[PDB]
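S.K.: Submitted below is the structure of interest, expressed as structure tokens.
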Amino acid sequence: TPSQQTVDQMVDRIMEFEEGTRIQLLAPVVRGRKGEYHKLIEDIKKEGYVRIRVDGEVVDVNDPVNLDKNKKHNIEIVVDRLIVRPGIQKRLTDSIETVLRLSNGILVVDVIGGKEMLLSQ
Amino acid sequence: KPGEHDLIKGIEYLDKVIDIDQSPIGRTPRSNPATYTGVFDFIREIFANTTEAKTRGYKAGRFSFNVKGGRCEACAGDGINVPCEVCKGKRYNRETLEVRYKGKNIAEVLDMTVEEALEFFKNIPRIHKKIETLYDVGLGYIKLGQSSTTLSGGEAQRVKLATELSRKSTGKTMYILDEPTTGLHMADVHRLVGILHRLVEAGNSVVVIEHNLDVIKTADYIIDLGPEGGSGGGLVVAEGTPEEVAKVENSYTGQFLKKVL
Amino acid sequence: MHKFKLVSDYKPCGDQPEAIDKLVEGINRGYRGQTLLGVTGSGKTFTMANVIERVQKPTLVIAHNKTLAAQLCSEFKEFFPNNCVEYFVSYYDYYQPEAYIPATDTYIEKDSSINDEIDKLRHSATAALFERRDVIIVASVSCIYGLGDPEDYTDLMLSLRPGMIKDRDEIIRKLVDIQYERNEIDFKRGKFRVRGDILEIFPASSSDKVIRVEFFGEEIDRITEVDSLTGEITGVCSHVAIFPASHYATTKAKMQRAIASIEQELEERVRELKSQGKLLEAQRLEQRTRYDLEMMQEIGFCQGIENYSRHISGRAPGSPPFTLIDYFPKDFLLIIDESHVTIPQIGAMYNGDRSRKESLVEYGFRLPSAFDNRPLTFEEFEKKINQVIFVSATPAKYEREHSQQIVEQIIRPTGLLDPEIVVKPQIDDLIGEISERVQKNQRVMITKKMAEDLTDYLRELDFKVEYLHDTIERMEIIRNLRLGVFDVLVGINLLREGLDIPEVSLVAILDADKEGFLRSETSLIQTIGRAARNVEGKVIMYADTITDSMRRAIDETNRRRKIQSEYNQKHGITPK
Ligand SMILES: Nc1ncnc2c1ncn2[C@@H]1O[C@H](COP(=O)(O)OP(=O)(O)NP(=O)(O)O)[C@@H](O)[C@H]1O
Ligand SMILES: [Zn+2]
């Protein structure tokens, strides 16, 4: 043993949580980098996504934002804000698939009130 | 580019050509009878045309186990890494194995035998023609998804024969076969001879480069070549019906046919 | 309720105001049919725009060819930039309908190609019909072919508002059911994509507006609009509706009823054919119907679904299909451009379709119910007409007999005059006339063996020729004639659209005394009208005999020339 997870494995791992928990699926496009990051934000907004969390705070992509070019920022795209209950396998799998496609094999599950976890292919 | 010749006359009497060559068949884990015969493309299109696949935004490549769009990543689309456990070795993830055509997903369709697929696909004509040809060559017991690496020589040869003989016939096509008997028992030869004679009776023309006497004795015309191999050959030693060739003293094929007819 | 607004610097001149007033008065009175006797170059499009603006009613214009329809659509867009102008023509680049020939026992499969721009224009026209009343549609004879049910089109509209609880999967299924394709890579008209909790829909009607919805739990929060190019917020709307992406939108219950009816009809036809003796045809029909029924049950739609239109829509046997005329309001106005050619085109479609399908149904290939998937007959089209106006240079018997009022527009605004007629009892005279025209920098025109002999003589005697044996070569020949590469042109059939030129000042008719379709009165008038472009253009005839049609044509030409000369002399307008 050298975490390589498939879509089904990630779905099962998320399903292992208790019912009623609030989770958010994130696609981190930038992890530990410094830059103005304006063209990327414009492209993300044009793609269709509206919710983006920066520095751990959720902000709207439409509203203008400011960030230091010499300070590291963790830009993450909020894709879905689901609930944990039986029968949401299809929507959860679709959201995980689009997150993996957008972030190139990196998925971050934000457990509201719990410890965050990271799953990768 | 063709070979060295002056000219060929009579091409205006034909409208198509279908050829089975004397070449090895490649064995890969990504190949099976369904993919080789080209019917898996139609099956995948049918599956991708369903309402569930449209709702989930799937395409024909999603249902291919060689495409990294819907295949299981734990087994890398092969099913075995020891059989896979997350996808149970089916090479498809759980979401792909939910689009059902006539209440059956792609894995069970791949798990059908040719005889089963004859009844299941009895309405779609494009699939039915290929499945019927596979049944005709005598491969009714084979599975549509059996790995080509686990196919025998005769089974692979018959899959190739069905692939090439399941094509459209316009009544003026030319069939060329280069020793299609390799690895075939006397019953499979009987089946192939019946198929070829039905094709000829449909108005077509069949040319077979054969060494089998059972096939030869049923031929209407024979063009012997020789009298030896290499630099000692390249001349027509006999030409006519099998009896006329048998009447030729210096022809080996005639000598061997004399004891058969 | 929007209105009609017209912008044009060119004011009506001559008989245009009188013609417009007469047409408006006749429409207000309630006359079912009228005719505009407008000569070429008199500005019939301007008069049409004026009457449409004055009446303030929906207008459907029918043309006998695609080029004229496109020109009319562009002109109407020019006169009405604020208003709405549509375009409804065939979208088939290459269509080969299936048919069976019992003589050769050969069957040909169906092959078709779809043009995206024409399909988008047709969908825009259909949507605009239900959206705004002040819409003008320029269409070919395709307007009489079977479209979908307007009731199904209206009843299958998705309505979304904020605060309405609804699952995202349910909305996706509803969108798929109205023939919307999900494609996150190729995002074009009539396609939708979903990115997590946000669903984006691109209607097939609009071309630069998308609708974005957001889900928070189990209810929709915001429904906004975003430009397709910039991808930025444009506006927020509370109540929005999505039109179906196909006119042929059907419900699941309708599909099940159609399947049951098709099964019953197939059983009845199989029994009848068994009682007849055509076993092979019955078996082929049973196999094809079973395949189509399985395809309907599993997927829902496929190739060949058009043959079961009567069963799908539930129409009674023999009923005409719903068409674009049914989509129009009952108080609409219809205008037929070049009526003497368009009307026979309308009439011929039903006979052609029935002749094509008779062999197919007879040999047990399609069910007998496939006869109802037919274009409208002439009687049904006439019955569906609320108000009609025929705009043609020469009215035929039908238009003259079916019109309650006849008005004319002869005086051209530019002040041109119709060419005079000179008769002659021929090769030497033609050569001399051609040489004289060459000396005056005027092109000549000549209207198969005789044409070949004439072109051979012209080529021999150091004369440039432009002999014509499609439109692709036609425009090239016209450009060559305009550039002066060829001095004369010879054609077997001098009636192709767009073959007229403004530099032609002399046209000759050879063997006009011989009876023929091209020598009819209407054809003679049409060929004479080509020489009216030149200020000094004249028409000569080479025939030793005269007929009643010739007498009528010459009388009409003389009257038109006399009235044009009187108008130009009394008013003092210089002909230029
Ligand atoms: N690895 C395998 N696992 C399972 N079944 C196999 C495998 N390899 C071959 N088979 C099947 O086992 C049967 C016998 O195969 P094989 O022993 O190769 O036949 P064979 O008698 O040599 N035939 P042939 O060479 O064509 O005359 C066939 O149905 C094969 O498809
Ligand atoms: Zn696996």
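For the structure tokens, the naming scheme is as follows: chains receive sequential letters (A, B, ...) according to their order of presentation, residues are indexed from 1 within each chain, and ligands are indexed from 1 in presentation order.
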Using only C-alpha atoms, I'd like every residue of chain A that has an atom within 12 Å of chain C; please write them out as number ranges by chain.
M.R.: A: 22-27, 42-51, 61-63, 77-84, 88, 90-99, 101-102
S.K.: Just the selected residues (N, CA and C atoms), exported as a short mmCIF file (atom, residue, chain, number, x, y, z; two decimals), in the first residue's frame, please.
M.R.:
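The new file selection_24.cif reads:
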data_model
loop_
_atom_site.label_atom_id
_atom_site.label_comp_id
_atom_site.auth_asym_id
_atom_site.auth_seq_id
_atom_site.Cartn_x
_atom_site.Cartn_y
_atom_site.Cartn_z
N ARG A 22 -25.92 17.82 6.05
CA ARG A 22 -25.81 18.75 4.94
C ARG A 22 -24.39 18.71 4.39
N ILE A 23 -24.26 18.48 3.09
CA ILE A 23 -22.96 18.42 2.43
C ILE A 23 -22.97 19.34 1.22
N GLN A 24 -21.77 19.76 0.82
CA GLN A 24 -21.57 20.55 -0.38
C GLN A 24 -20.41 19.97 -1.17
N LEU A 25 -20.59 19.86 -2.48
CA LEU A 25 -19.56 19.32 -3.37
C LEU A 25 -18.79 20.47 -4.00
N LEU A 26 -17.47 20.42 -3.91
CA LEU A 26 -16.60 21.47 -4.39
C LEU A 26 -15.64 20.92 -5.44
N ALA A 27 -15.29 21.77 -6.40
CA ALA A 27 -14.32 21.45 -7.45
C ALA A 27 -13.18 22.46 -7.36
N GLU A 42 -14.07 34.95 -14.76
CA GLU A 42 -15.00 35.27 -15.84
C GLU A 42 -15.39 34.03 -16.63
N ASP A 43 -14.42 33.15 -16.90
CA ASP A 43 -14.72 31.91 -17.62
C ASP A 43 -15.65 31.01 -16.80
N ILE A 44 -15.41 30.92 -15.49
CA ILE A 44 -16.27 30.11 -14.64
C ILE A 44 -17.69 30.67 -14.63
N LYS A 45 -17.83 31.99 -14.53
CA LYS A 45 -19.15 32.60 -14.57
C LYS A 45 -19.84 32.35 -15.90
N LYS A 46 -19.09 32.45 -17.01
CA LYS A 46 -19.68 32.20 -18.32
C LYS A 46 -20.07 30.74 -18.49
N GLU A 47 -19.38 29.83 -17.80
CA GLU A 47 -19.71 28.41 -17.90
C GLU A 47 -21.10 28.12 -17.33
N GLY A 48 -21.49 28.82 -16.27
CA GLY A 48 -22.81 28.63 -15.70
C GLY A 48 -22.82 28.61 -14.19
N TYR A 49 -21.69 28.24 -13.58
CA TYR A 49 -21.61 28.19 -12.13
C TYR A 49 -21.68 29.59 -11.54
N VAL A 50 -22.38 29.71 -10.41
CA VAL A 50 -22.61 30.99 -9.77
C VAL A 50 -21.91 31.07 -8.41
N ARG A 51 -21.89 29.98 -7.66
CA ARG A 51 -21.35 29.98 -6.31
C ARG A 51 -19.88 29.58 -6.33
N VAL A 61 -20.23 34.90 -7.85
CA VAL A 61 -19.32 35.20 -8.94
C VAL A 61 -19.74 36.46 -9.68
N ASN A 62 -21.04 36.76 -9.72
CA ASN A 62 -21.51 37.95 -10.41
C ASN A 62 -21.02 39.22 -9.73
N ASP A 63 -21.08 39.26 -8.40
CA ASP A 63 -20.61 40.43 -7.67
C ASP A 63 -19.09 40.56 -7.81
N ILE A 77 -15.12 25.89 -6.75
CA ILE A 77 -16.42 26.09 -7.39
C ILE A 77 -17.43 25.20 -6.67
N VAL A 78 -18.48 25.82 -6.13
CA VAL A 78 -19.54 25.06 -5.50
C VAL A 78 -20.49 24.56 -6.59
N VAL A 79 -20.62 23.24 -6.70
CA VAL A 79 -21.42 22.62 -7.75
C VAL A 79 -22.82 22.28 -7.27
N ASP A 80 -22.93 21.55 -6.16
CA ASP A 80 -24.22 21.15 -5.63
C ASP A 80 -24.22 21.24 -4.12
N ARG A 81 -25.40 21.50 -3.55
CA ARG A 81 -25.62 21.53 -2.11
C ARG A 81 -26.75 20.55 -1.82
N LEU A 82 -26.38 19.29 -1.61
CA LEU A 82 -27.34 18.20 -1.51
C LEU A 82 -27.68 17.89 -0.05
N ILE A 83 -28.53 16.88 0.13
CA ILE A 83 -28.90 16.37 1.44
C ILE A 83 -28.66 14.87 1.43
N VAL A 84 -28.46 14.29 2.61
CA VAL A 84 -28.15 12.87 2.73
C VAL A 84 -29.43 12.12 3.07
N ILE A 88 -30.97 9.22 -3.53
CA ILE A 88 -30.35 10.34 -4.24
C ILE A 88 -29.05 9.88 -4.89
N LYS A 90 -28.51 8.81 -7.97
CA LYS A 90 -28.32 9.31 -9.33
C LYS A 90 -27.80 10.74 -9.33
N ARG A 91 -28.45 11.63 -8.57
CA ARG A 91 -28.02 13.02 -8.52
C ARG A 91 -26.63 13.15 -7.92
N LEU A 92 -26.35 12.40 -6.86
CA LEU A 92 -25.03 12.45 -6.23
C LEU A 92 -23.95 11.97 -7.19
N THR A 93 -24.21 10.89 -7.92
CA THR A 93 -23.23 10.40 -8.89
C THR A 93 -23.01 11.40 -10.01
N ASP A 94 -24.08 12.03 -10.50
CA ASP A 94 -23.92 13.03 -11.55
C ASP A 94 -23.09 14.22 -11.06
N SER A 95 -23.36 14.68 -9.83
CA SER A 95 -22.60 15.80 -9.28
C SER A 95 -21.14 15.43 -9.08
N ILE A 96 -20.88 14.22 -8.59
CA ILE A 96 -19.50 13.78 -8.40
C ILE A 96 -18.78 13.69 -9.74
N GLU A 97 -19.47 13.18 -10.77
CA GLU A 97 -18.87 13.07 -12.09
C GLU A 97 -18.52 14.43 -12.66
N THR A 98 -19.43 15.40 -12.56
CA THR A 98 -19.13 16.72 -13.12
C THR A 98 -18.05 17.43 -12.31
N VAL A 99 -18.03 17.23 -10.99
CA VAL A 99 -16.96 17.80 -10.17
C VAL A 99 -15.61 17.22 -10.57
N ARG A 101 -14.80 15.88 -13.46
CA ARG A 101 -14.46 16.37 -14.79
C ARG A 101 -13.92 17.80 -14.73
N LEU A 102 -14.53 18.65 -13.90
CA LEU A 102 -14.13 20.05 -13.85
C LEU A 102 -12.80 20.24 -13.13
#
S.K.: Please run DSSP on the backbone and report, as JSON, numbers by chain, all residues within chain A that come out as alpha helix (DSSP H).
M.R.: {"A": [7, 8, 9, 10, 11, 12, 13, 14, 15, 39, 40, 41, 42, 43, 44, 45, 46, 47, 89, 90, 91, 92, 93, 94, 95, 96, 97, 98, 99, 100, 101, 102, 103]}
S.K.: Can you pull out every residue with an atom within 7 Å of ligand 2? Use only C-alpha atoms and all ligand atoms and format it as a PyMOL selection string.
M.R.: chain B and resi 72-76+79+84-89+91
S.K.: I want to know what sits within 8 Å of residue B:224, based on only C-alpha atoms, with residues of the same chain fewer than 6 positions away left out; could you give that as a count of residues only?
M.R.: 6
S.K.: Identify every residue of chain C that has at least one atom within 8 Å of any atom of chain B, counting only C-alpha atoms, and report the result as a ChimeraX atom specification.
M.R.: /C:172-173,176,181-183,287,290-291,294,298-299
S.K.: Counting only C-alpha atoms, which residues of stretch 175-274 of chain C fall within 12 Å of stretch 102-118 of chain C, and what is the closest atom pair for each with its distance in Å at one decimal, ordered by chain and rising number, as a tab-separated table?
M.R.:
residue	atom	partner	partner_atom	distance
C:188	CA	C:116	CA	10.5
C:189	CA	C:116	CA	9.7
C:190	CA	C:116	CA	11.1
C:204	CA	C:116	CA	11.1
C:205	CA	C:117	CA	12.0
C:207	CA	C:117	CA	11.3
S.K.: Using only C-alpha atoms and all ligand atoms, which residues have at least one atom no more than 10 Å from ligand 1? Output them as a VMD selection string.
M.R.: chain B and resid 139 141 to 143 146 to 158 182 to 185
S.K.: Wanna dump the chain A-chain B contacts at 9 Å for me, each residue with its shortest atom pair and the distance in Å to one decimal, counting only C-alpha atoms, ordered by chain and number, as JSON lines?
M.R.:
{"residue": "A:4", "atom": "CA", "partner": "B:74", "partner_atom": "CA", "distance": 8.7}
{"residue": "A:5", "atom": "CA", "partner": "B:74", "partner_atom": "CA", "distance": 7.7}
{"residue": "A:6", "atom": "CA", "partner": "B:73", "partner_atom": "CA", "distance": 5.8}
{"residue": "A:7", "atom": "CA", "partner": "B:93", "partner_atom": "CA", "distance": 8.1}
{"residue": "A:8", "atom": "CA", "partner": "B:93", "partner_atom": "CA", "distance": 6.8}
{"residue": "A:9", "atom": "CA", "partner": "B:86", "partner_atom": "CA", "distance": 7.2}
{"residue": "A:89", "atom": "CA", "partner": "B:95", "partner_atom": "CA", "distance": 8.6}
{"residue": "A:90", "atom": "CA", "partner": "B:95", "partner_atom": "CA", "distance": 7.1}
{"residue": "A:93", "atom": "CA", "partner": "B:95", "partner_atom": "CA", "distance": 7.8}
{"residue": "A:94", "atom": "CA", "partner": "B:56", "partner_atom": "CA", "distance": 8.4}
{"residue": "A:121", "atom": "CA", "partner": "B:73", "partner_atom": "CA", "distance": 8.7}
S.K.: Expressed in Å to a single decimal, how great is the separation between atom CA of residue C:53 and atom CA of residue C:11?
M.R.: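 So the two atoms, atom CA of residue C:53 and atom CA of residue C:11, lie 14.2 Å apart.
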S.K.: Write out as a list in words which residues come within 12 Å of residue C:513 when counting only C-alpha atoms, dropping same-chain ones fewer than 4 positions away.
M.R.: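 The contact residues come out as residues 423, 424, 425, 509, 517, 518, 519, 520, 521, 524, 541, 542, 543, 544, 545, 546, 547, 548, 549, 550 and 551 of chain C.
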S.K.: What is the atom CA of residue C:527-atom CA of residue C:507 distance in Å, reported with one decimal?
M.R.: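 A separation of 8.4 Å between them.
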S.K.: What is the distance, in Å and to one decimal place, between atom CA of residue C:310 and atom CA of residue C:250?
M.R.: 12.5 Å
S.K.: If we count only C-alpha atoms and set the cut-off at 9 Å, which residues sit around residue B:196, ignoring sequence neighbours fewer than 5 positions away in its own chain? Please answer as JSON, numbers by chain.
M.R.: {"B": [191, 201, 206]}
S.K.: For residue C:241, find every residue with an atom within 10 Å (counting only C-alpha atoms), except residues of its own chain fewer than 4 positions away, and show them as a PyMOL selection string.
M.R.: chain C and resi 157-161+203+211
S.K.: Those same residues - N, CA and C atoms - I'd like them written as a tab-separated table (two decimals), in the first residue's frame.
M.R.:
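Contents of out39.tsv, freshly written:
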chain	number	residue	atom	x	y	z
C	157	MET	N	-46.51	23.14	-23.01
C	157	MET	CA	-45.62	24.22	-22.63
C	157	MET	C	-45.33	24.15	-21.14
C	158	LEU	N	-44.05	24.18	-20.79
C	158	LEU	CA	-43.62	24.08	-19.40
C	158	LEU	C	-43.61	25.46	-18.75
C	159	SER	N	-44.29	25.59	-17.62
C	159	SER	CA	-44.38	26.85	-16.88
C	159	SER	C	-43.65	26.70	-15.56
C	160	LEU	N	-42.75	27.64	-15.27
C	160	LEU	CA	-41.94	27.61	-14.06
C	160	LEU	C	-41.99	28.96	-13.37
C	161	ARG	N	-42.13	28.94	-12.05
C	161	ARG	CA	-42.13	30.15	-11.24
C	161	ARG	C	-41.37	29.88	-9.95
C	203	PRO	N	-33.76	27.79	-25.50
C	203	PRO	CA	-34.91	27.54	-26.36
C	203	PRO	C	-34.54	27.57	-27.84
C	211	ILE	N	-32.16	30.43	-20.30
C	211	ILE	CA	-32.88	30.51	-19.04
C	211	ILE	C	-32.14	29.65	-18.02
